[PDB]
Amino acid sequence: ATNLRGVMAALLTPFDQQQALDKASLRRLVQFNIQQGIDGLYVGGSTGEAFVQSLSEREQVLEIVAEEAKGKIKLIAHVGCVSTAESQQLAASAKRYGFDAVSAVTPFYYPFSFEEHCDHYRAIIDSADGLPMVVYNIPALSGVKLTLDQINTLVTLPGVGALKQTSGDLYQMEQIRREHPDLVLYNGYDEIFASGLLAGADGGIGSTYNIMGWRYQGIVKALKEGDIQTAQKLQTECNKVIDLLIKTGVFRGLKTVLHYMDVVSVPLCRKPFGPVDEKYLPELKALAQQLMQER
């Protein structure tokens, strides 16, 4: 659990024209993130298109990322599946590969009781064989709505070392910080990062950090130095980008920017995601050029 606090990018999974893993672009993207100063990578989560990959495909990505980055930056393996046994297989693999921590989204589609969710985390923690667990709360995508008391119980389970909080409820963010002063608490919605840190988060995990992670590190520094205006300006600039990416489709817009930066060979997401509408390419090319000039 060596310090898990920080700004960590939710890594994308590059694919080739036939939708297979593009290993060389994966390695390039890991190195690009390290080069840009990110504190760590969250691998195999929503942003990595894990839910449109098989288990073996997810392991393959975890293995390659560890080869490229173990020892250089922190690595968190998102091993969550609806199935507990599948999540356990991935957690055992993350341990074999040398990750620093594992994480799992609350299992979705079928409704499960809170006790069932707790037992699922406990089983995954057991298979992780010592790697701390990062509980992942993302009600918008999972459809699982936890109460504060439920979140408190999950984060206090033996073996849990952090919470990735993908919720826009900043009253709840403050309540979680108040109940757990030492908890590693990652803000999950990039578009509210500055407000999330002010409410109590102490870092973040996000998809847009792959192209402008230094802006989020800039907001952490600005808030630490009491430079409110610089923090607001950086968040505003991040939000102009996020508005565009929500229009284009976020993962595919990010991959398109990284393709214009010569990091990702083919900017496609796996079906059923479609391609980026060509009407957005002028904006995406201009953003890539701007970000390359900036840093």
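Sequential numbering from 1, following the sequence displayed.
Colleague: Mean C-alpha B factor from the entry: is it higher for 238 to 246 or for 35 to 43?
Modeller: Mean CA B-factor is higher for 35 to 43.
Colleague: Can you tell me which stretch has the higher mean Cα B-factor, 80 to 88 or 67 to 75?
Modeller: Comparing averages over the C-alpha atoms only gives 67 to 75.
Colleague: Pick out which of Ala104, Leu185, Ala140, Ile192 has the highest C-alpha B-factor in the PDB entry.
Modeller: If I rank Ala104, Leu185, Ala140, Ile192 by C-alpha B-factor, first place goes to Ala140.
Colleague: Using only modelled residues of the chain, where does the Cα B factor of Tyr209 rank: lowest third, middle third or highest third?
Modeller: Lowest third, going by the recorded CA B-factors of the chain.
Colleague: Mind checking which third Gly203 falls in for C-alpha B-factor across the chain?
Modeller: Middle third, going by the recorded CA B-factors of the chain.
Colleague: When the modelled residues of the chain are sorted by Cα temperature factor, does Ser265 land in the lowest, middle or highest third?
Modeller: Lowest third of the chain for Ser265's C-alpha B-factor.
Colleague: Ordered by C-alpha B-factor within the chain, which third holds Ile176? Give me lowest, middle or highest, please.
Modeller: Middle third.
Colleague: Which third, lowest, middle or highest, does the CA B-factor of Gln53 fall in along this chain?
Modeller: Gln53: CA B-factor falls in the lowest third of its chain.
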